[PDB]
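A.B. asks: This is the content of query-v1.txt (compact mmCIF, N, CA and C atoms and all ligand atoms):
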```
# COMPACT_ATOMS: atom_id res chain seq x y z
N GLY A 1 256.60 213.51 58.82
CA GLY A 1 255.47 212.67 58.32
C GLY A 1 255.76 212.18 56.92
N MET A 2 254.77 211.54 56.31
CA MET A 2 254.90 211.07 54.93
C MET A 2 255.24 212.24 54.00
N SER A 3 256.22 212.05 53.13
CA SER A 3 256.55 213.08 52.16
C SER A 3 255.37 213.39 51.26
N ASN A 4 255.13 214.68 51.01
CA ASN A 4 254.10 215.09 50.06
C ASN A 4 254.41 214.59 48.65
N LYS A 5 255.63 214.12 48.43
CA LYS A 5 256.01 213.60 47.12
C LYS A 5 255.29 212.28 46.82
N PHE A 6 254.73 211.63 47.84
CA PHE A 6 253.89 210.44 47.64
C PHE A 6 252.53 210.78 47.04
N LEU A 7 252.04 211.98 47.31
CA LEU A 7 250.69 212.37 46.94
C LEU A 7 250.55 212.50 45.44
N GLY A 8 249.50 211.89 44.91
CA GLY A 8 249.21 211.96 43.50
C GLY A 8 248.79 210.62 42.94
N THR A 9 248.83 210.56 41.61
CA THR A 9 248.37 209.40 40.86
C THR A 9 249.56 208.69 40.22
N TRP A 10 249.63 207.38 40.46
CA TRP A 10 250.76 206.55 40.02
C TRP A 10 250.28 205.43 39.12
N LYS A 11 251.03 205.14 38.06
CA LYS A 11 250.70 204.07 37.13
C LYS A 11 251.81 203.01 37.10
N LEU A 12 251.41 201.74 37.20
CA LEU A 12 252.35 200.63 37.16
C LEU A 12 253.07 200.57 35.83
N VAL A 13 254.41 200.55 35.87
CA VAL A 13 255.20 200.43 34.64
C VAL A 13 256.04 199.16 34.61
N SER A 14 256.18 198.50 35.77
CA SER A 14 256.97 197.28 35.88
C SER A 14 256.50 196.41 37.05
N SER A 15 256.51 195.10 36.84
CA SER A 15 256.19 194.16 37.90
C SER A 15 257.05 192.93 37.76
N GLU A 16 257.74 192.58 38.84
CA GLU A 16 258.64 191.44 38.87
C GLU A 16 258.24 190.48 40.00
N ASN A 17 257.95 189.24 39.64
CA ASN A 17 257.64 188.14 40.57
C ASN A 17 256.26 188.22 41.25
N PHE A 18 255.33 188.93 40.61
CA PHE A 18 253.99 189.07 41.18
C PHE A 18 253.27 187.73 41.23
N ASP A 19 253.48 186.89 40.23
CA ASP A 19 252.77 185.60 40.20
C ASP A 19 253.11 184.75 41.42
N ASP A 20 254.39 184.60 41.73
CA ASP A 20 254.77 183.82 42.90
C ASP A 20 254.37 184.51 44.21
N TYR A 21 254.32 185.85 44.23
CA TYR A 21 253.85 186.56 45.42
C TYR A 21 252.37 186.20 45.64
N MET A 22 251.56 186.27 44.59
CA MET A 22 250.13 185.92 44.69
C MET A 22 249.97 184.46 45.08
N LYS A 23 250.78 183.57 44.52
CA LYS A 23 250.71 182.16 44.92
C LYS A 23 250.96 182.02 46.41
N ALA A 24 251.91 182.79 46.92
CA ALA A 24 252.27 182.72 48.33
C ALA A 24 251.11 183.18 49.20
N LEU A 25 250.29 184.10 48.68
CA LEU A 25 249.10 184.58 49.38
C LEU A 25 247.93 183.62 49.28
N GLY A 26 248.06 182.60 48.43
CA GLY A 26 246.99 181.61 48.27
C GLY A 26 245.98 181.94 47.19
N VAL A 27 246.35 182.85 46.30
CA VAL A 27 245.51 183.25 45.19
C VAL A 27 245.48 182.17 44.13
N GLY A 28 244.28 181.83 43.67
CA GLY A 28 244.12 180.79 42.68
C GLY A 28 244.51 181.20 41.27
N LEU A 29 244.68 180.19 40.42
CA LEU A 29 245.22 180.39 39.07
C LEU A 29 244.47 181.40 38.20
N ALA A 30 243.14 181.29 38.09
CA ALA A 30 242.41 182.18 37.21
C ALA A 30 242.58 183.62 37.65
N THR A 31 242.56 183.81 38.96
CA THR A 31 242.70 185.13 39.54
C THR A 31 244.11 185.66 39.28
N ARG A 32 245.11 184.80 39.45
CA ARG A 32 246.50 185.22 39.21
C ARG A 32 246.68 185.65 37.75
N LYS A 33 246.06 184.93 36.83
CA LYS A 33 246.18 185.26 35.41
C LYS A 33 245.70 186.67 35.12
N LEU A 34 244.56 187.04 35.71
CA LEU A 34 244.06 188.41 35.56
C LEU A 34 244.92 189.41 36.34
N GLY A 35 245.40 189.00 37.51
CA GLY A 35 246.26 189.86 38.30
C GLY A 35 247.54 190.21 37.59
N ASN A 36 248.09 189.24 36.86
CA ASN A 36 249.35 189.47 36.12
C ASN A 36 249.15 190.38 34.91
N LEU A 37 247.92 190.46 34.41
CA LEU A 37 247.61 191.28 33.25
C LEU A 37 247.23 192.71 33.66
N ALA A 38 246.91 192.89 34.94
CA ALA A 38 246.46 194.19 35.43
C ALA A 38 247.62 195.18 35.46
N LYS A 39 247.31 196.43 35.14
CA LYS A 39 248.29 197.51 35.24
C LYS A 39 247.62 198.63 36.02
N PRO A 40 247.59 198.49 37.34
CA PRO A 40 246.76 199.40 38.12
C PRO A 40 247.29 200.81 38.24
N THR A 41 246.36 201.71 38.53
CA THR A 41 246.65 203.05 38.99
C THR A 41 246.57 203.04 40.50
N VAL A 42 247.48 203.74 41.16
CA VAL A 42 247.43 203.90 42.61
C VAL A 42 247.38 205.39 42.91
N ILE A 43 246.38 205.79 43.69
CA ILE A 43 246.18 207.20 44.04
C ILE A 43 246.34 207.39 45.53
N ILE A 44 247.31 208.22 45.89
CA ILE A 44 247.58 208.50 47.29
C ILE A 44 247.17 209.94 47.57
N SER A 45 246.34 210.10 48.59
CA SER A 45 245.85 211.42 48.98
C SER A 45 245.85 211.51 50.50
N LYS A 46 245.68 212.73 51.00
CA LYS A 46 245.69 212.97 52.44
C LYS A 46 244.66 214.02 52.82
N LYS A 47 243.96 213.77 53.92
CA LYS A 47 243.04 214.74 54.50
C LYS A 47 243.29 214.78 56.00
N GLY A 48 243.94 215.84 56.47
CA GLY A 48 244.36 215.89 57.86
C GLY A 48 245.42 214.84 58.09
N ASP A 49 245.23 214.00 59.11
CA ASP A 49 246.18 212.94 59.43
C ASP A 49 245.75 211.61 58.81
N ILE A 50 244.68 211.63 58.02
CA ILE A 50 244.20 210.42 57.37
C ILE A 50 244.70 210.31 55.93
N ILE A 51 245.48 209.26 55.70
CA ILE A 51 246.03 208.96 54.38
C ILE A 51 245.15 207.92 53.70
N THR A 52 244.84 208.16 52.43
CA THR A 52 244.08 207.21 51.63
C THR A 52 244.92 206.72 50.44
N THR A 53 244.92 205.41 50.26
CA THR A 53 245.58 204.76 49.14
C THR A 53 244.55 203.97 48.36
N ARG A 54 244.26 204.43 47.15
CA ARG A 54 243.25 203.81 46.30
C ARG A 54 243.93 203.15 45.09
N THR A 55 243.52 201.93 44.79
CA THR A 55 244.05 201.19 43.67
C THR A 55 242.92 200.94 42.70
N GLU A 56 243.13 201.27 41.42
CA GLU A 56 242.12 201.09 40.39
C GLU A 56 242.65 200.22 39.25
N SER A 57 241.88 199.20 38.91
CA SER A 57 242.17 198.38 37.75
C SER A 57 240.84 197.84 37.23
N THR A 58 240.84 197.38 35.99
CA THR A 58 239.62 196.81 35.41
C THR A 58 239.15 195.60 36.21
N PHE A 59 240.09 194.80 36.69
CA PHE A 59 239.78 193.60 37.47
C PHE A 59 239.23 193.92 38.86
N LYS A 60 239.96 194.72 39.62
CA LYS A 60 239.60 195.02 41.01
C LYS A 60 240.04 196.41 41.43
N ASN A 61 239.20 197.05 42.24
CA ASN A 61 239.56 198.29 42.91
C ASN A 61 239.66 198.05 44.39
N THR A 62 240.55 198.77 45.05
CA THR A 62 240.65 198.70 46.49
C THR A 62 240.87 200.10 47.05
N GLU A 63 240.60 200.27 48.33
CA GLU A 63 240.87 201.54 48.97
C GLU A 63 241.05 201.33 50.46
N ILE A 64 242.13 201.89 51.00
CA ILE A 64 242.36 201.91 52.43
C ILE A 64 242.55 203.35 52.87
N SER A 65 242.08 203.64 54.08
CA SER A 65 242.31 204.92 54.73
C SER A 65 242.87 204.63 56.12
N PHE A 66 243.90 205.36 56.53
CA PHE A 66 244.60 205.02 57.76
C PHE A 66 245.34 206.21 58.33
N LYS A 67 245.61 206.15 59.63
CA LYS A 67 246.57 207.04 60.27
C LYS A 67 247.84 206.26 60.53
N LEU A 68 248.99 206.92 60.44
CA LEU A 68 250.24 206.22 60.68
C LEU A 68 250.24 205.59 62.06
N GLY A 69 250.66 204.34 62.09
CA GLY A 69 250.86 203.63 63.35
C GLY A 69 249.63 203.08 64.03
N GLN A 70 248.44 203.28 63.45
CA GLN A 70 247.20 202.82 64.07
C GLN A 70 246.57 201.70 63.24
N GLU A 71 246.40 200.56 63.88
CA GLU A 71 245.87 199.38 63.21
C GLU A 71 244.45 199.65 62.70
N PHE A 72 244.18 199.11 61.51
CA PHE A 72 242.89 199.28 60.87
C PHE A 72 242.52 197.98 60.19
N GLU A 73 241.23 197.83 59.91
CA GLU A 73 240.74 196.65 59.22
C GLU A 73 240.82 196.93 57.74
N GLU A 74 241.33 195.95 57.00
CA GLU A 74 241.52 196.08 55.57
C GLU A 74 240.93 194.87 54.83
N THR A 75 240.30 195.16 53.69
CA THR A 75 239.92 194.14 52.73
C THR A 75 240.80 194.24 51.49
N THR A 76 241.56 193.19 51.21
CA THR A 76 242.53 193.23 50.13
C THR A 76 241.91 192.88 48.78
N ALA A 77 242.68 193.07 47.72
CA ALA A 77 242.22 192.84 46.36
C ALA A 77 241.78 191.40 46.16
N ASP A 78 242.41 190.47 46.89
CA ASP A 78 242.01 189.05 46.85
C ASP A 78 241.04 188.67 47.98
N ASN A 79 240.42 189.68 48.56
CA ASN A 79 239.39 189.50 49.59
C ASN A 79 239.85 188.82 50.88
N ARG A 80 241.09 189.05 51.28
CA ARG A 80 241.51 188.76 52.64
C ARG A 80 241.01 189.87 53.55
N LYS A 81 240.59 189.47 54.75
CA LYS A 81 240.19 190.41 55.79
C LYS A 81 241.33 190.48 56.78
N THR A 82 242.13 191.55 56.67
CA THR A 82 243.35 191.65 57.45
C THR A 82 243.27 192.76 58.49
N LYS A 83 244.16 192.65 59.47
CA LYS A 83 244.43 193.75 60.39
C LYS A 83 245.76 194.34 59.94
N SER A 84 245.75 195.62 59.59
CA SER A 84 246.90 196.24 58.94
C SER A 84 247.41 197.46 59.68
N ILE A 85 248.71 197.73 59.52
CA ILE A 85 249.32 198.93 60.08
C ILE A 85 250.29 199.50 59.07
N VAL A 86 250.24 200.81 58.87
CA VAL A 86 251.21 201.50 58.03
C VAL A 86 252.10 202.37 58.90
N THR A 87 253.41 202.19 58.71
CA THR A 87 254.42 202.94 59.45
C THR A 87 255.34 203.66 58.48
N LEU A 88 256.09 204.62 59.00
CA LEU A 88 257.06 205.37 58.20
C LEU A 88 258.48 205.07 58.70
N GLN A 89 259.34 204.58 57.81
CA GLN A 89 260.72 204.21 58.15
C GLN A 89 261.68 204.70 57.08
N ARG A 90 262.54 205.65 57.44
CA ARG A 90 263.50 206.22 56.50
C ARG A 90 262.83 206.59 55.18
N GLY A 91 261.68 207.27 55.27
CA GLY A 91 260.99 207.74 54.09
C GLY A 91 260.14 206.68 53.40
N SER A 92 260.19 205.45 53.89
CA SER A 92 259.47 204.34 53.28
C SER A 92 258.15 204.13 54.00
N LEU A 93 257.09 204.03 53.21
CA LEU A 93 255.75 203.86 53.72
C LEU A 93 255.49 202.36 53.76
N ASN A 94 255.47 201.78 54.96
CA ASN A 94 255.50 200.33 55.12
C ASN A 94 254.22 199.78 55.70
N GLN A 95 253.58 198.91 54.94
CA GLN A 95 252.29 198.33 55.29
C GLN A 95 252.48 196.89 55.70
N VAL A 96 251.99 196.51 56.87
CA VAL A 96 251.97 195.10 57.26
C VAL A 96 250.52 194.66 57.36
N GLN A 97 250.20 193.51 56.77
CA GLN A 97 248.86 192.90 56.81
C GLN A 97 248.96 191.60 57.55
N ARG A 98 248.08 191.41 58.53
CA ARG A 98 248.03 190.15 59.28
C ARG A 98 246.65 189.53 59.23
N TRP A 99 246.64 188.23 59.00
CA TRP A 99 245.39 187.46 58.97
C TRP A 99 245.70 185.98 59.17
N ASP A 100 244.84 185.29 59.91
CA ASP A 100 244.95 183.85 60.10
C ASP A 100 246.37 183.41 60.45
N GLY A 101 247.03 184.19 61.29
CA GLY A 101 248.37 183.89 61.75
C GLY A 101 249.46 184.07 60.71
N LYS A 102 249.09 184.67 59.58
CA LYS A 102 250.04 184.97 58.51
C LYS A 102 250.34 186.46 58.46
N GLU A 103 251.39 186.82 57.73
CA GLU A 103 251.80 188.20 57.61
C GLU A 103 252.42 188.46 56.24
N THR A 104 252.10 189.61 55.65
CA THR A 104 252.79 190.06 54.43
C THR A 104 253.07 191.55 54.58
N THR A 105 254.15 192.01 53.94
CA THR A 105 254.53 193.42 54.01
C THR A 105 254.60 194.01 52.61
N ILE A 106 254.14 195.25 52.50
CA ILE A 106 254.26 196.01 51.26
C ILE A 106 254.93 197.31 51.62
N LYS A 107 256.16 197.51 51.15
CA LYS A 107 256.95 198.70 51.44
C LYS A 107 257.01 199.56 50.20
N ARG A 108 256.54 200.80 50.32
CA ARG A 108 256.52 201.75 49.21
C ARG A 108 257.47 202.91 49.48
N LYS A 109 258.39 203.12 48.56
CA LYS A 109 259.43 204.14 48.74
C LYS A 109 259.64 204.86 47.44
N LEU A 110 260.09 206.11 47.55
CA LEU A 110 260.38 206.91 46.37
C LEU A 110 261.84 206.75 45.95
N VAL A 111 262.04 206.49 44.67
CA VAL A 111 263.38 206.31 44.10
C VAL A 111 263.45 207.07 42.79
N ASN A 112 264.28 208.12 42.77
CA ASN A 112 264.41 208.98 41.59
C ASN A 112 263.06 209.36 40.99
N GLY A 113 262.10 209.67 41.86
CA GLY A 113 260.81 210.16 41.42
C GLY A 113 259.79 209.08 41.09
N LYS A 114 260.23 207.82 41.04
CA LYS A 114 259.34 206.67 40.88
C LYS A 114 258.93 206.16 42.25
N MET A 115 257.79 205.48 42.32
CA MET A 115 257.43 204.77 43.54
C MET A 115 257.69 203.28 43.33
N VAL A 116 258.45 202.70 44.25
CA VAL A 116 258.82 201.30 44.20
C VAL A 116 258.13 200.57 45.34
N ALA A 117 257.30 199.59 45.00
CA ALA A 117 256.63 198.78 45.98
C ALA A 117 257.27 197.40 46.05
N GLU A 118 257.76 197.05 47.24
CA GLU A 118 258.33 195.73 47.50
C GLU A 118 257.35 194.95 48.34
N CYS A 119 256.89 193.83 47.80
CA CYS A 119 255.87 192.99 48.45
C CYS A 119 256.52 191.68 48.89
N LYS A 120 256.42 191.35 50.18
CA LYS A 120 257.09 190.17 50.74
C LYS A 120 256.11 189.26 51.45
N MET A 121 256.11 187.99 51.08
CA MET A 121 255.53 186.99 51.95
C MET A 121 256.24 185.66 51.88
N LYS A 122 256.52 185.11 53.06
CA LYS A 122 257.21 183.82 53.19
C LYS A 122 258.45 183.76 52.31
N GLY A 123 259.26 184.81 52.37
CA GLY A 123 260.52 184.85 51.64
C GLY A 123 260.41 185.05 50.13
N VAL A 124 259.18 185.16 49.63
CA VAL A 124 258.94 185.52 48.24
C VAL A 124 258.87 187.03 48.15
N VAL A 125 259.66 187.62 47.24
CA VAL A 125 259.73 189.07 47.09
C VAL A 125 259.33 189.50 45.69
N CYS A 126 258.38 190.43 45.62
CA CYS A 126 257.89 191.02 44.37
C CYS A 126 258.24 192.50 44.38
N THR A 127 258.68 193.03 43.24
CA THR A 127 258.92 194.46 43.10
C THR A 127 258.08 195.04 41.98
N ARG A 128 257.33 196.09 42.32
CA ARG A 128 256.47 196.80 41.38
C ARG A 128 256.84 198.27 41.35
N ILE A 129 257.08 198.79 40.14
CA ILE A 129 257.52 200.17 39.96
C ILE A 129 256.40 200.96 39.30
N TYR A 130 256.16 202.15 39.86
CA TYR A 130 255.15 203.09 39.39
C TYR A 130 255.72 204.43 38.96
N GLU A 131 255.15 205.01 37.92
CA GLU A 131 255.51 206.36 37.48
C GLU A 131 254.36 207.33 37.78
N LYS A 132 254.72 208.56 38.14
CA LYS A 132 253.74 209.58 38.46
C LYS A 132 253.06 210.01 37.17
N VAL A 133 251.74 210.14 37.22
CA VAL A 133 250.97 210.53 36.04
C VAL A 133 250.70 212.02 36.10
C1 LIG A 201 247.04 195.29 42.37
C2 LIG A 201 245.79 194.76 43.01
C3 LIG A 201 244.61 195.08 42.12
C4 LIG A 201 244.78 194.56 40.71
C5 LIG A 201 245.24 193.11 40.69
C6 LIG A 201 244.32 192.26 41.55
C7 LIG A 201 244.58 190.80 41.27
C8 LIG A 201 244.64 189.84 42.22
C9 LIG A 201 244.47 190.09 43.71
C10 LIG A 201 245.66 189.51 44.44
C11 LIG A 201 246.77 190.54 44.57
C12 LIG A 201 246.77 191.14 45.96
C13 LIG A 201 248.08 191.82 46.27
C14 LIG A 201 248.15 193.19 45.62
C15 LIG A 201 249.43 193.88 46.03
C16 LIG A 201 249.57 195.17 45.26
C17 LIG A 201 250.81 195.91 45.72
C18 LIG A 201 250.95 197.18 44.92
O1 LIG A 201 250.36 198.23 45.29
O2 LIG A 201 251.66 197.21 43.87
```
How does this structure look as structure tokens?
C.D. replies:
Amino acid sequence: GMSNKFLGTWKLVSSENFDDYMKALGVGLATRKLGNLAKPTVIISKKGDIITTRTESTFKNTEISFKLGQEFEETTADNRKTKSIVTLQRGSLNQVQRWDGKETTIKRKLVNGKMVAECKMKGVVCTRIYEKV
């Protein structure tokens, strides 16, 4: 299952290409400006087979709870209503969001104790690095 090394509180220390990733999602300028300034905390916890991923920032908070491999309804930080699935692949916690015939993926993996999130849509790739708090 998911490594217990994912569990805990993570703080964003680096973000590369987030603006173009948000543009690809259809996020408007004012929102992108605040999104680029945000340095969120991400909290990953588990209760039984239910994993919760909570994101906290001054601008927006989000929270998803899911079982691996089972589709769930998600509301994203930019208020998309998606159908999402999280899978485990070679230690990587991989989230796919689908809405209106579109798709984006967020792959979270542990690298030397950091969590690295790779966000992909329409060939635009964003990398966000988090440190454990
Ligand atoms: C990080 C999301 C909350 C704070 C920023 C919200 C600003 C704009 C909403 C549009 C961004 C939606 C995509 C967020 C992807 C975050 C991936 C990650 O966990 O690093």
A.B. asks: Could you name the residues that touch range 2-14 of chain A at 7 Å or less, counting only N, CA and C atoms, but leaving out those on the same chain fewer than 5 positions away, as a PyMOL selection string?
C.D. replies: chain A and resi 39-46+88+91+127-133
A.B. asks: Check the smallest atom-to-atom distance from each of A:87, A:52, A:92, A:36 to ligand LIG 201 (chain A) using all atoms listed in the file, then report the winner.
C.D. replies: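 Closest to ligand LIG 201 (chain A) of all the choices is A:36.
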A.B. asks: When DSSP works through the backbone of this structure, what residues of range 8-112 of chain A end up as alpha helix (DSSP H), shown as a list in words?
C.D. replies: residues 18, 19, 20, 21, 22, 23, 24, 25, 29, 30, 31, 32, 33, 34, 35, 36 and 37 of chain A
A.B. asks: Write the selection just made, keeping N, CA and C atoms, as a PDB file, keeping the file's coordinate frame?
C.D. replies:
```
ATOM      1  N   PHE A  18     255.330 188.930  40.610  1.00  0.00           N
ATOM      2  CA  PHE A  18     253.990 189.070  41.180  1.00  0.00           C
ATOM      3  C   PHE A  18     253.270 187.730  41.230  1.00  0.00           C
ATOM      4  N   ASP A  19     253.480 186.890  40.230  1.00  0.00           N
ATOM      5  CA  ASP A  19     252.770 185.600  40.200  1.00  0.00           C
ATOM      6  C   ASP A  19     253.110 184.750  41.420  1.00  0.00           C
ATOM      7  N   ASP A  20     254.390 184.600  41.730  1.00  0.00           N
ATOM      8  CA  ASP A  20     254.770 183.820  42.900  1.00  0.00           C
ATOM      9  C   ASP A  20     254.370 184.510  44.210  1.00  0.00           C
ATOM     10  N   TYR A  21     254.320 185.850  44.230  1.00  0.00           N
ATOM     11  CA  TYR A  21     253.850 186.560  45.420  1.00  0.00           C
ATOM     12  C   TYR A  21     252.370 186.200  45.640  1.00  0.00           C
ATOM     13  N   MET A  22     251.560 186.270  44.590  1.00  0.00           N
ATOM     14  CA  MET A  22     250.130 185.920  44.690  1.00  0.00           C
ATOM     15  C   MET A  22     249.970 184.460  45.080  1.00  0.00           C
ATOM     16  N   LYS A  23     250.780 183.570  44.520  1.00  0.00           N
ATOM     17  CA  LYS A  23     250.710 182.160  44.920  1.00  0.00           C
ATOM     18  C   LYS A  23     250.960 182.020  46.410  1.00  0.00           C
ATOM     19  N   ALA A  24     251.910 182.790  46.920  1.00  0.00           N
ATOM     20  CA  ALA A  24     252.270 182.720  48.330  1.00  0.00           C
ATOM     21  C   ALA A  24     251.110 183.180  49.200  1.00  0.00           C
ATOM     22  N   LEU A  25     250.290 184.100  48.680  1.00  0.00           N
ATOM     23  CA  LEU A  25     249.100 184.580  49.380  1.00  0.00           C
ATOM     24  C   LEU A  25     247.930 183.620  49.280  1.00  0.00           C
ATOM     25  N   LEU A  29     244.680 180.190  40.420  1.00  0.00           N
ATOM     26  CA  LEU A  29     245.220 180.390  39.070  1.00  0.00           C
ATOM     27  C   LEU A  29     244.470 181.400  38.200  1.00  0.00           C
ATOM     28  N   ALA A  30     243.140 181.290  38.090  1.00  0.00           N
ATOM     29  CA  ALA A  30     242.410 182.180  37.210  1.00  0.00           C
ATOM     30  C   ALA A  30     242.580 183.620  37.650  1.00  0.00           C
ATOM     31  N   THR A  31     242.560 183.810  38.960  1.00  0.00           N
ATOM     32  CA  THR A  31     242.700 185.130  39.540  1.00  0.00           C
ATOM     33  C   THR A  31     244.110 185.660  39.280  1.00  0.00           C
ATOM     34  N   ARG A  32     245.110 184.800  39.450  1.00  0.00           N
ATOM     35  CA  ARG A  32     246.500 185.220  39.210  1.00  0.00           C
ATOM     36  C   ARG A  32     246.680 185.650  37.750  1.00  0.00           C
ATOM     37  N   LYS A  33     246.060 184.930  36.830  1.00  0.00           N
ATOM     38  CA  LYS A  33     246.180 185.260  35.410  1.00  0.00           C
ATOM     39  C   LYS A  33     245.700 186.670  35.120  1.00  0.00           C
ATOM     40  N   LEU A  34     244.560 187.040  35.710  1.00  0.00           N
ATOM     41  CA  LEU A  34     244.060 188.410  35.560  1.00  0.00           C
ATOM     42  C   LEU A  34     244.920 189.410  36.340  1.00  0.00           C
ATOM     43  N   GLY A  35     245.400 189.000  37.510  1.00  0.00           N
ATOM     44  CA  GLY A  35     246.260 189.860  38.300  1.00  0.00           C
ATOM     45  C   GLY A  35     247.540 190.210  37.590  1.00  0.00           C
ATOM     46  N   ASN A  36     248.090 189.240  36.860  1.00  0.00           N
ATOM     47  CA  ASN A  36     249.350 189.470  36.120  1.00  0.00           C
ATOM     48  C   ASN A  36     249.150 190.380  34.910  1.00  0.00           C
ATOM     49  N   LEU A  37     247.920 190.460  34.410  1.00  0.00           N
ATOM     50  CA  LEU A  37     247.610 191.280  33.250  1.00  0.00           C
ATOM     51  C   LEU A  37     247.230 192.710  33.660  1.00  0.00           C
TER      52      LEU A  37
END
```
A.B. asks: Counting all atoms listed in the file, which protein, DNA or RNA residues come within 6.5 Å of ligand LIG 201 (chain A), given as a JSON list (two decimals) with N, CA and C atoms, in the coordinates of the input?
C.D. replies:
```
[["chain", "number", "residue", "atom", "x", "y", "z"],
["A", 22, "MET", "N", 251.56, 186.27, 44.59],
["A", 22, "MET", "CA", 250.13, 185.92, 44.69],
["A", 22, "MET", "C", 249.97, 184.46, 45.08],
["A", 27, "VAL", "N", 246.35, 182.85, 46.30],
["A", 27, "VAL", "CA", 245.51, 183.25, 45.19],
["A", 27, "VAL", "C", 245.48, 182.17, 44.13],
["A", 31, "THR", "N", 242.56, 183.81, 38.96],
["A", 31, "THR", "CA", 242.70, 185.13, 39.54],
["A", 31, "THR", "C", 244.11, 185.66, 39.28],
["A", 32, "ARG", "N", 245.11, 184.80, 39.45],
["A", 32, "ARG", "CA", 246.50, 185.22, 39.21],
["A", 32, "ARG", "C", 246.68, 185.65, 37.75],
["A", 34, "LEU", "N", 244.56, 187.04, 35.71],
["A", 34, "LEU", "CA", 244.06, 188.41, 35.56],
["A", 34, "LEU", "C", 244.92, 189.41, 36.34],
["A", 35, "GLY", "N", 245.40, 189.00, 37.51],
["A", 35, "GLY", "CA", 246.26, 189.86, 38.30],
["A", 35, "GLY", "C", 247.54, 190.21, 37.59],
["A", 36, "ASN", "N", 248.09, 189.24, 36.86],
["A", 36, "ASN", "CA", 249.35, 189.47, 36.12],
["A", 36, "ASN", "C", 249.15, 190.38, 34.91],
["A", 38, "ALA", "N", 246.91, 192.89, 34.94],
["A", 38, "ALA", "CA", 246.46, 194.19, 35.43],
["A", 38, "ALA", "C", 247.62, 195.18, 35.46],
["A", 39, "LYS", "N", 247.31, 196.43, 35.14],
["A", 39, "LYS", "CA", 248.29, 197.51, 35.24],
["A", 39, "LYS", "C", 247.62, 198.63, 36.02],
["A", 40, "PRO", "N", 247.59, 198.49, 37.34],
["A", 40, "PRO", "CA", 246.76, 199.40, 38.12],
["A", 40, "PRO", "C", 247.29, 200.81, 38.24],
["A", 55, "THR", "N", 243.52, 201.93, 44.79],
["A", 55, "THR", "CA", 244.05, 201.19, 43.67],
["A", 55, "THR", "C", 242.92, 200.94, 42.70],
["A", 56, "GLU", "N", 243.13, 201.27, 41.42],
["A", 56, "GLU", "CA", 242.12, 201.09, 40.39],
["A", 56, "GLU", "C", 242.65, 200.22, 39.25],
["A", 57, "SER", "N", 241.88, 199.20, 38.91],
["A", 57, "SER", "CA", 242.17, 198.38, 37.75],
["A", 57, "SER", "C", 240.84, 197.84, 37.23],
["A", 59, "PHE", "N", 240.09, 194.80, 36.69],
["A", 59, "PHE", "CA", 239.78, 193.60, 37.47],
["A", 59, "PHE", "C", 239.23, 193.92, 38.86],
["A", 60, "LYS", "N", 239.96, 194.72, 39.62],
["A", 60, "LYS", "CA", 239.60, 195.02, 41.01],
["A", 60, "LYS", "C", 240.04, 196.41, 41.43],
["A", 61, "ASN", "N", 239.20, 197.05, 42.24],
["A", 61, "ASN", "CA", 239.56, 198.29, 42.91],
["A", 61, "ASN", "C", 239.66, 198.05, 44.39],
["A", 62, "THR", "N", 240.55, 198.77, 45.05],
["A", 62, "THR", "CA", 240.65, 198.70, 46.49],
["A", 62, "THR", "C", 240.87, 200.10, 47.05],
["A", 76, "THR", "N", 241.56, 193.19, 51.21],
["A", 76, "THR", "CA", 242.53, 193.23, 50.13],
["A", 76, "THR", "C", 241.91, 192.88, 48.78],
["A", 77, "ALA", "N", 242.68, 193.07, 47.72],
["A", 77, "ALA", "CA", 242.22, 192.84, 46.36],
["A", 77, "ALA", "C", 241.78, 191.40, 46.16],
["A", 78, "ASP", "N", 242.41, 190.47, 46.89],
["A", 78, "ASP", "CA", 242.01, 189.05, 46.85],
["A", 78, "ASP", "C", 241.04, 188.67, 47.98],
["A", 79, "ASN", "N", 240.42, 189.68, 48.56],
["A", 79, "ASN", "CA", 239.39, 189.50, 49.59],
["A", 79, "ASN", "C", 239.85, 188.82, 50.88],
["A", 117, "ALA", "N", 257.30, 199.59, 45.00],
["A", 117, "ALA", "CA", 256.63, 198.78, 45.98],
["A", 117, "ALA", "C", 257.27, 197.40, 46.05],
["A", 119, "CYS", "N", 256.89, 193.83, 47.80],
["A", 119, "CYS", "CA", 255.87, 192.99, 48.45],
["A", 119, "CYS", "C", 256.52, 191.68, 48.89],
["A", 128, "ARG", "N", 257.33, 196.09, 42.32],
["A", 128, "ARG", "CA", 256.47, 196.80, 41.38],
["A", 128, "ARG", "C", 256.84, 198.27, 41.35]]
```
A.B. asks: Using only C-alpha atoms for the distances, tell me which of A:96, A:64, A:114, A:80 is nearest to residue 25 in chain A.
C.D. replies: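 Ranked by minimum distance to residue 25 in chain A, first place goes to A:80.
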A.B. asks: Mind giving me the axis-aligned box for range 71-76 of chain A with 5 Å on every side, centre plus edges in Å to one decimal, as AutoDock Vina command-line options?
C.D. replies:
```
--center_x 243.2 --center_y 196.7 --center_z 56.3 --size_x 16.5 --size_y 17.7 --size_z 25.1
```
A.B. asks: In chain A, what's strand (DSSP E or B) per DSSP? Answer as an NGL selection string?
C.D. replies: :A and (8-16 or 41-47 or 50-56 or 62-66 or 72-75 or 81-89 or 92-99 or 102-111 or 114-121 or 124-132)
A.B. asks: Work out how far apart CA of residue 70 in chain A and CA of residue 122 in chain A are and give it in Å to one decimal.
C.D. replies: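 Spanning CA of residue 70 in chain A to CA of residue 122 in chain A is a straight-line distance of 24.1 Å.
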A.B. asks: Applying 8 Å and only N, CA and C atoms, which residues near residue 81 in chain A remain after dropping the ones on its own chain fewer than 2 positions away? List them as a PyMOL selection string.
C.D. replies: chain A and resi 73-76+78-79+83-84+97-100
A.B. asks: Calculate how many Å separate CA of residue 65 in chain A from CA of residue 120 in chain A, rounding to one decimal.
C.D. replies: 21.3 Å
A.B. asks: Under the rule that all atoms listed in the file are counted, which of A:121, A:66, A:86, A:126 is the nearest residue to residue 24 in chain A?
C.D. replies: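 Checking each of A:121, A:66, A:86, A:126 against residue 24 in chain A, counting all atoms listed in the file, the winner is A:121.
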